[PDB]
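Next up, coords-v9.cif (mmCIF, C-alpha atoms):
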data_my_file
loop_
_atom_site.label_atom_id
_atom_site.label_comp_id
_atom_site.auth_asym_id
_atom_site.auth_seq_id
_atom_site.Cartn_x
_atom_site.Cartn_y
_atom_site.Cartn_z
CA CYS A 1119 -8.49 -11.63 2.83
CA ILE A 1120 -8.26 -13.32 -0.58
CA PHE A 1121 -5.79 -11.87 -3.05
CA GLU A 1122 -4.89 -13.16 -6.48
CA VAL A 1123 -1.54 -14.34 -7.73
CA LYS A 1124 -1.00 -13.10 -11.31
CA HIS A 1125 1.56 -14.38 -13.79
CA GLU A 1126 2.15 -12.58 -17.08
CA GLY A 1127 -1.09 -10.79 -16.40
CA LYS A 1128 -2.90 -14.10 -15.74
CA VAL A 1129 -4.48 -15.38 -12.50
CA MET A 1130 -2.69 -18.58 -11.47
CA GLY A 1131 -3.91 -19.15 -7.91
CA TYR A 1132 -4.70 -17.15 -4.79
CA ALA A 1133 -3.17 -15.80 -1.63
CA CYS A 1134 -4.89 -15.64 1.68
CA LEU A 1135 -4.56 -13.63 4.88
CA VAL A 1136 -5.02 -16.32 7.58
CA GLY A 1137 -4.14 -15.77 11.23
CA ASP A 1138 -1.26 -13.34 11.23
CA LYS A 1139 0.56 -14.73 8.17
CA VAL A 1140 -0.07 -14.21 4.44
CA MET A 1141 -0.38 -17.54 2.65
CA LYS A 1142 -0.16 -18.71 -0.97
CA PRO A 1143 0.66 -22.14 -2.35
CA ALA A 1144 4.34 -22.54 -3.17
CA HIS A 1145 3.60 -24.17 -6.53
CA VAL A 1146 1.66 -21.09 -7.75
CA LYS A 1147 3.62 -18.99 -10.28
CA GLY A 1148 3.29 -15.22 -10.22
CA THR A 1149 3.29 -12.48 -7.64
CA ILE A 1150 0.42 -11.33 -5.44
CA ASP A 1151 -1.52 -8.61 -7.21
CA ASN A 1152 -1.21 -6.19 -4.31
CA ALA A 1153 1.67 -3.77 -3.73
CA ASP A 1154 1.83 -4.20 0.04
CA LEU A 1155 1.70 -7.98 -0.24
CA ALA A 1156 4.00 -8.38 -3.26
CA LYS A 1157 7.01 -6.68 -1.65
CA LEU A 1158 7.04 -9.05 1.32
CA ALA A 1159 9.63 -11.72 2.12
CA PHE A 1160 8.10 -15.20 2.00
CA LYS A 1161 9.49 -18.35 3.67
CA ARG A 1162 9.02 -21.36 1.43
CA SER A 1163 8.23 -24.83 2.88
CA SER A 1164 8.29 -27.64 0.28
CA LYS A 1165 6.90 -30.24 2.65
CA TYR A 1166 3.67 -28.26 3.00
CA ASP A 1167 3.85 -26.79 -0.49
CA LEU A 1168 3.13 -23.65 1.52
CA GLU A 1169 4.81 -20.24 1.32
CA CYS A 1170 3.95 -17.87 4.16
CA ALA A 1171 4.96 -14.34 5.23
CA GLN A 1172 3.67 -11.92 7.86
CA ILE A 1173 0.69 -9.57 7.42
CA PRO A 1174 1.60 -5.85 7.41
CA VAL A 1175 0.06 -4.07 10.44
CA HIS A 1176 -2.29 -2.05 8.18
CA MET A 1177 -3.90 -5.23 6.79
CA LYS A 1178 -3.89 -7.39 9.95
CA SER A 1179 -7.50 -6.30 10.53
CA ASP A 1180 -8.17 -7.98 7.18
CA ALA A 1181 -7.02 -11.47 8.11
CA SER A 1182 -9.35 -14.42 8.53
CA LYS A 1183 -9.08 -16.63 11.64
CA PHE A 1184 -8.67 -21.27 9.42
CA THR A 1185 -9.66 -24.46 11.28
CA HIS A 1186 -8.87 -28.13 11.70
CA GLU A 1187 -12.56 -28.70 12.34
CA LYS A 1188 -14.14 -30.30 9.35
CA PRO A 1189 -17.05 -32.71 9.88
CA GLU A 1190 -18.39 -34.73 6.99
CA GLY A 1191 -20.82 -32.57 5.02
CA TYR A 1192 -20.78 -29.76 2.48
CA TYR A 1193 -18.27 -26.94 2.25
CA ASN A 1194 -18.22 -23.75 0.21
CA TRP A 1195 -15.89 -22.74 -2.62
CA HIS A 1196 -16.08 -20.28 -5.51
CA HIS A 1197 -17.54 -22.69 -7.94
CA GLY A 1198 -20.13 -24.14 -5.70
CA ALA A 1199 -20.27 -26.61 -2.86
CA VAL A 1200 -17.51 -29.03 -2.08
CA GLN A 1201 -18.34 -32.31 -0.32
CA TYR A 1202 -16.29 -33.72 2.51
CA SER A 1203 -16.43 -37.36 3.58
CA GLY A 1204 -14.09 -40.28 4.13
CA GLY A 1205 -11.31 -37.79 4.63
CA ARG A 1206 -11.70 -36.54 1.09
CA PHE A 1207 -13.01 -33.35 -0.54
CA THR A 1208 -14.75 -33.84 -3.88
CA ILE A 1209 -16.73 -31.91 -6.48
CA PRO A 1210 -18.72 -32.56 -9.63
CA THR A 1211 -16.13 -33.27 -12.30
CA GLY A 1212 -15.76 -30.26 -14.53
CA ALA A 1213 -16.38 -27.66 -11.84
CA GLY A 1214 -12.68 -27.17 -11.13
CA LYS A 1215 -10.06 -26.47 -13.80
CA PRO A 1216 -6.39 -25.54 -14.12
CA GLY A 1217 -5.99 -22.08 -12.68
CA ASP A 1218 -8.12 -22.72 -9.59
CA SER A 1219 -5.16 -23.52 -7.28
CA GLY A 1220 -4.93 -21.27 -4.27
CA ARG A 1221 -8.70 -20.95 -3.97
CA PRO A 1222 -9.84 -21.64 -0.37
CA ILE A 1223 -12.62 -23.98 0.67
CA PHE A 1224 -14.61 -22.18 3.35
CA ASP A 1225 -17.12 -23.59 5.72
CA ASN A 1226 -20.40 -21.88 6.60
CA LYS A 1227 -18.83 -19.59 9.19
CA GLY A 1228 -16.12 -18.40 6.84
CA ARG A 1229 -13.26 -20.36 8.31
CA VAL A 1230 -10.91 -21.51 5.54
CA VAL A 1231 -10.85 -25.33 5.81
CA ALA A 1232 -8.38 -26.29 3.00
CA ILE A 1233 -6.69 -24.72 -0.03
CA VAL A 1234 -7.04 -26.40 -3.45
CA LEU A 1235 -3.86 -27.48 -5.24
CA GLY A 1236 -5.29 -29.72 -7.94
CA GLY A 1237 -7.65 -32.62 -8.44
CA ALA A 1238 -7.72 -36.24 -9.52
CA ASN A 1239 -10.53 -37.23 -11.87
CA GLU A 1240 -12.26 -40.35 -10.72
CA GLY A 1241 -15.37 -40.21 -12.91
CA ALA A 1242 -18.54 -38.48 -11.84
CA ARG A 1243 -16.58 -36.64 -9.16
CA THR A 1244 -13.05 -35.35 -8.71
CA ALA A 1245 -11.19 -35.88 -5.40
CA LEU A 1246 -9.43 -32.64 -4.60
CA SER A 1247 -5.77 -32.42 -3.68
CA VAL A 1248 -5.68 -29.88 -0.83
CA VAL A 1249 -3.53 -28.26 1.86
CA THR A 1250 -5.36 -28.77 5.19
CA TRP A 1251 -4.73 -28.08 8.84
CA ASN A 1252 -4.25 -30.93 11.24
CA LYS A 1253 -4.38 -30.67 15.06
CA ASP A 1254 -2.36 -27.51 14.67
CA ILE A 1255 -0.02 -28.18 11.77
CA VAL A 1256 -0.46 -27.89 8.02
CA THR A 1257 -0.86 -31.02 5.88
CA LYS A 1258 -1.40 -31.97 2.27
CA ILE A 1259 -3.86 -34.52 0.95
CA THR A 1260 -3.24 -35.64 -2.62
CA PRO A 1261 -5.62 -38.24 -4.10
CA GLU A 1262 -4.08 -40.87 -6.39
CA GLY A 1263 -3.65 -39.48 -9.92
CA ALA A 1264 -4.14 -35.79 -9.13
CA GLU A 1265 -3.77 -33.22 -11.92
CA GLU A 1266 -2.17 -30.14 -10.43
CA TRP A 1267 -4.35 -27.16 -11.28
CA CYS B 3119 1.33 20.30 -9.37
CA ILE B 3120 1.40 17.98 -6.35
CA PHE B 3121 2.90 14.54 -6.87
CA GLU B 3122 3.50 11.84 -4.30
CA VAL B 3123 6.76 10.29 -3.25
CA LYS B 3124 6.29 6.53 -2.75
CA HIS B 3125 8.62 4.18 -0.91
CA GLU B 3126 8.10 0.42 -1.03
CA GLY B 3127 4.66 1.20 -2.36
CA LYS B 3128 3.99 3.65 0.51
CA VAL B 3129 3.43 7.43 0.38
CA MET B 3130 6.20 9.13 2.36
CA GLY B 3131 5.84 12.79 1.40
CA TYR B 3132 5.09 14.89 -1.66
CA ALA B 3133 6.72 16.64 -4.57
CA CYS B 3134 5.64 19.93 -5.96
CA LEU B 3135 5.95 21.78 -9.25
CA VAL B 3136 6.75 25.36 -8.10
CA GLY B 3137 8.08 28.05 -10.44
CA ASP B 3138 10.11 26.22 -13.03
CA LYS B 3139 11.68 23.63 -10.70
CA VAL B 3140 10.27 20.36 -9.30
CA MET B 3141 10.60 20.27 -5.52
CA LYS B 3142 10.49 17.55 -2.86
CA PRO B 3143 11.97 17.54 0.63
CA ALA B 3144 15.41 15.94 0.73
CA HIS B 3145 14.57 13.92 3.84
CA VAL B 3146 11.66 12.14 2.07
CA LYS B 3147 12.48 8.53 1.10
CA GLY B 3148 11.12 7.12 -2.14
CA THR B 3149 10.81 8.23 -5.72
CA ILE B 3150 8.19 10.49 -7.27
CA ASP B 3151 5.28 8.38 -8.48
CA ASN B 3152 5.41 9.81 -11.99
CA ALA B 3153 7.55 8.50 -14.84
CA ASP B 3154 8.50 11.89 -16.25
CA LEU B 3155 9.38 13.24 -12.82
CA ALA B 3156 11.12 10.14 -11.45
CA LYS B 3157 13.77 9.97 -14.19
CA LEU B 3158 14.99 13.52 -13.53
CA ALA B 3159 18.32 14.57 -12.02
CA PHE B 3160 17.83 16.33 -8.68
CA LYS B 3161 20.32 18.67 -6.97
CA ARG B 3162 20.31 18.10 -3.23
CA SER B 3163 20.80 21.02 -0.76
CA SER B 3164 21.17 19.90 2.88
CA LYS B 3165 21.00 23.42 4.26
CA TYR B 3166 17.47 23.83 2.93
CA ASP B 3167 16.61 20.15 3.26
CA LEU B 3168 15.41 20.80 -0.29
CA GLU B 3169 16.01 18.75 -3.43
CA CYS B 3170 15.04 20.48 -6.68
CA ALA B 3171 15.20 19.67 -10.41
CA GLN B 3172 13.78 21.31 -13.52
CA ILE B 3173 10.23 20.81 -14.85
CA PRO B 3174 10.04 19.02 -18.23
CA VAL B 3175 8.63 21.34 -20.93
CA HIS B 3176 5.45 19.23 -21.24
CA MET B 3177 4.57 19.79 -17.55
CA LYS B 3178 5.74 23.41 -17.15
CA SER B 3179 2.14 24.50 -17.77
CA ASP B 3180 1.38 22.48 -14.62
CA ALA B 3181 3.61 24.39 -12.23
CA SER B 3182 2.30 26.63 -9.47
CA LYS B 3183 3.73 30.15 -9.05
CA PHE B 3184 5.12 31.79 -6.10
CA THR B 3185 5.60 35.09 -4.25
CA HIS B 3186 7.52 36.81 -1.50
CA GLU B 3187 4.44 38.91 -0.84
CA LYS B 3188 2.74 37.73 2.28
CA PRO B 3189 0.89 40.29 4.43
CA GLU B 3190 -0.44 39.32 7.82
CA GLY B 3191 -3.79 37.61 7.36
CA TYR B 3192 -5.21 34.25 6.32
CA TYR B 3193 -3.78 31.89 3.72
CA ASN B 3194 -5.18 28.77 2.09
CA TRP B 3195 -4.01 25.17 2.40
CA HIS B 3196 -5.61 21.77 1.86
CA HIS B 3197 -6.82 21.38 5.36
CA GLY B 3198 -8.24 24.80 5.77
CA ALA B 3199 -6.96 28.27 6.38
CA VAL B 3200 -3.49 29.02 7.64
CA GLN B 3201 -2.87 32.23 9.59
CA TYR B 3202 0.13 34.44 9.03
CA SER B 3203 1.34 37.01 11.55
CA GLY B 3204 4.51 37.93 13.41
CA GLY B 3205 6.45 36.24 10.67
CA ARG B 3206 4.87 32.91 11.51
CA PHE B 3207 2.32 30.61 9.86
CA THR B 3208 0.06 28.72 12.24
CA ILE B 3209 -2.97 26.43 12.25
CA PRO B 3210 -5.37 24.85 14.72
CA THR B 3211 -3.41 22.06 16.35
CA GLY B 3212 -4.50 18.75 14.93
CA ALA B 3213 -5.20 20.01 11.42
CA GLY B 3214 -1.75 19.05 10.14
CA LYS B 3215 -0.19 15.61 10.58
CA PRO B 3216 2.85 13.62 9.46
CA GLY B 3217 2.53 13.10 5.75
CA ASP B 3218 1.49 16.67 4.96
CA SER B 3219 5.02 17.87 4.03
CA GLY B 3220 5.29 19.24 0.52
CA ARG B 3221 1.79 20.69 0.62
CA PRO B 3222 1.80 24.36 -0.53
CA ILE B 3223 0.17 27.25 1.29
CA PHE B 3224 -1.55 29.34 -1.36
CA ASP B 3225 -2.89 32.82 -1.06
CA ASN B 3226 -6.22 33.94 -2.52
CA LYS B 3227 -4.83 34.47 -6.01
CA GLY B 3228 -3.25 31.05 -6.16
CA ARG B 3229 0.33 32.11 -5.67
CA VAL B 3230 2.19 29.52 -3.57
CA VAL B 3231 3.44 31.43 -0.51
CA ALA B 3232 5.34 28.68 1.43
CA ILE B 3233 5.71 24.89 1.46
CA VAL B 3234 5.06 22.97 4.71
CA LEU B 3235 7.89 20.86 6.12
CA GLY B 3236 6.60 20.16 9.61
CA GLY B 3237 5.16 21.90 12.64
CA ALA B 3238 5.91 22.66 16.25
CA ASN B 3239 3.04 22.19 18.70
CA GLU B 3240 2.66 25.16 20.96
CA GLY B 3241 -0.78 24.41 22.41
CA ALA B 3242 -3.97 25.64 20.83
CA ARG B 3243 -2.07 26.31 17.61
CA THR B 3244 0.92 24.83 15.81
CA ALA B 3245 3.60 27.12 14.27
CA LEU B 3246 4.44 25.68 10.89
CA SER B 3247 7.98 25.04 9.72
CA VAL B 3248 7.99 26.19 6.09
CA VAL B 3249 10.14 26.90 3.03
CA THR B 3250 9.39 30.51 1.96
CA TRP B 3251 10.64 32.96 -0.61
CA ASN B 3252 12.52 36.04 0.48
CA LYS B 3253 13.23 39.10 -1.71
CA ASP B 3254 14.06 36.63 -4.45
CA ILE B 3255 15.73 33.72 -2.69
CA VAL B 3256 14.33 30.68 -0.91
CA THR B 3257 14.39 30.48 2.89
CA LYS B 3258 13.31 28.14 5.65
CA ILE B 3259 11.48 29.08 8.82
CA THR B 3260 11.53 26.45 11.54
CA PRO B 3261 9.75 27.25 14.83
CA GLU B 3262 11.41 26.01 18.02
CA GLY B 3263 10.54 22.34 18.64
CA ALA B 3264 9.18 21.50 15.19
CA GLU B 3265 8.09 17.93 14.43
CA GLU B 3266 9.01 17.20 10.83
CA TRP B 3267 5.90 15.94 9.07
#

Representation of the structure as structure tokens:
Amino acid sequence: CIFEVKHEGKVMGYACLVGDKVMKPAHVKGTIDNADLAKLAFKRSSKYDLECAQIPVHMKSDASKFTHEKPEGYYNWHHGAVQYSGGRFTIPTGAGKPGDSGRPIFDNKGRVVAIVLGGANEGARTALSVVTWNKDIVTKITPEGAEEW
Amino acid sequence: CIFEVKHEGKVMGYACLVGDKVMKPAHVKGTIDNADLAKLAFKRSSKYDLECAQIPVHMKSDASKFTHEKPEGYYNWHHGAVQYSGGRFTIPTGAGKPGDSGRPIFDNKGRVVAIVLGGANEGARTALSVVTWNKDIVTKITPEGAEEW
């Protein structure tokens, strides 16, 4: 379900097969490192900083079902455990660097909860700037002073 | 000797190095997935639904011979053993599917005897539609109701 966006042979962010679309943050430079995915036609959406397309039939079995459901507590991401509370995702400062955009923040059942875009350093912890689902629609939470990763 | 034709990153058919030419069915969309082969100049022939070119000197050692000599009996092909009789090649129905075109039918000494183009389902067995060599010249045998693979 997770695929990596490469730019000049360098991983910039990620792409994800959620629902029946193929997502990847709009701000991420590069092209999905997967033939089938790379040749697709994406529809950009600057409001959501999202850029979706449709999953080829032969990969649709590979999608992951997202969720608006996110109760205060700890979430999972590649570098460790993210913490959600006060309507804000945070992590120990240093555990997220430029080149981590696109990486999903899963919950314990695998549902993608948000997609990292960058983070604002506020000391001990960094408030993440993410793309998250609302009641049904996409949204973007960007803490004051975020540094786009 | 066998090379695959790709189209939008998807295998459509095959290409084969037979004799001193490089073959691939004309109807197959895409370009041979091999630098040396892809840059060649092919001569189309709509009668034979064939599209040949000449094998670069550095690959000529990689060709597969051929022969007009084909006595009734069993021949060899990737999925098993083909049967020749009554001037017709056949196989157990189900053992050949779309995407098998281009695959050669060898004999027991390795000489390519025919090249599969598609097959007509006539029950228990399917009569193959092949490109075969006559006295010296190429020919195409297409059983009634063939389904072009």

Please report, as CSV, each residue of chain A lying at most 10 Å from chain B, together with the nearest pair of atoms and the separation in Å rounded to one decimal; use all atoms listed in the file, and order rows by chain and ascending residue number.
residue,atom,partner,partner_atom,distance
A:1152,CA,B:3127,CA,9.6
A:1153,CA,B:3127,CA,6.0
A:1154,CA,B:3127,CA,6.6
A:1155,CA,B:3127,CA,9.9
A:1156,CA,B:3127,CA,9.6
A:1157,CA,B:3126,CA,7.2
A:1158,CA,B:3126,CA,9.8

Which of these residues is nearest to residue B:3226, using only C-alpha atoms: B:3132, B:3207, B:3160, B:3193?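 Among the listed residues, B:3193 lies closest to residue B:3226.
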
Residues near residue B:3219, anyone? I mean within 8 Å using all atoms listed in the file, not counting same-chain ones fewer than 2 positions away, as a list in words.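 Close residues of residue B:3219: residues 3131, 3132, 3143, 3216, 3217, 3221, 3233, 3234, 3235, 3236, 3266 and 3267 of chain B.
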
Tell me which residues the PyMOL selection byres ((chain A and resi 1210-1212) around 12) grabs here, as an MDAnalysis selection string. chainID A and resid 1197:1201 1207:1209 1213:1216 1218 1237:1246

Report the distance between atom CA of residue A:1138 and atom CA of residue A:1170 in Å, rounded to one decimal place.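 Computing it gives 9.9 Å between the two atoms.
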
Hits from the PyMOL selection byres ((chain A and resi 1135) around 6), listed as a list in words: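 Listing what the PyMOL selection byres ((chain A and resi 1135) around 6) selects in the shown file: residues 1119, 1134, 1136, 1140 and 1181 of chain A.
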
Let me know the residues the PyMOL selection byres ((chain B and resi 3165) around 12) catches in the file above, as a PDB file with C-alpha atoms, in the frame of the given file.
ATOM      1  CA  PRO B3143      11.970  17.540   0.630  1.00  0.00           C
ATOM      2  CA  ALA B3144      15.410  15.940   0.730  1.00  0.00           C
ATOM      3  CA  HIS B3145      14.570  13.920   3.840  1.00  0.00           C
ATOM      4  CA  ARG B3162      20.310  18.100  -3.230  1.00  0.00           C
ATOM      5  CA  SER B3163      20.800  21.020  -0.760  1.00  0.00           C
ATOM      6  CA  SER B3164      21.170  19.900   2.880  1.00  0.00           C
ATOM      7  CA  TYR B3166      17.470  23.830   2.930  1.00  0.00           C
ATOM      8  CA  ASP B3167      16.610  20.150   3.260  1.00  0.00           C
ATOM      9  CA  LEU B3168      15.410  20.800  -0.290  1.00  0.00           C
ATOM     10  CA  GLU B3169      16.010  18.750  -3.430  1.00  0.00           C
ATOM     11  CA  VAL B3249      10.140  26.900   3.030  1.00  0.00           C
ATOM     12  CA  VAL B3256      14.330  30.680  -0.910  1.00  0.00           C
ATOM     13  CA  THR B3257      14.390  30.480   2.890  1.00  0.00           C
ATOM     14  CA  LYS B3258      13.310  28.140   5.650  1.00  0.00           C
ATOM     15  CA  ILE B3259      11.480  29.080   8.820  1.00  0.00           C
TER      16      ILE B3259
END

From the list B:3228, B:3264, B:3185, B:3203, which residue is nearest residue B:3252 when using only C-alpha atoms? B:3185

Which residue out of B:3187, B:3220, B:3142, B:3206 has the minimum interatomic distance to residue B:3254 when all atoms listed in the file are used? B:3187
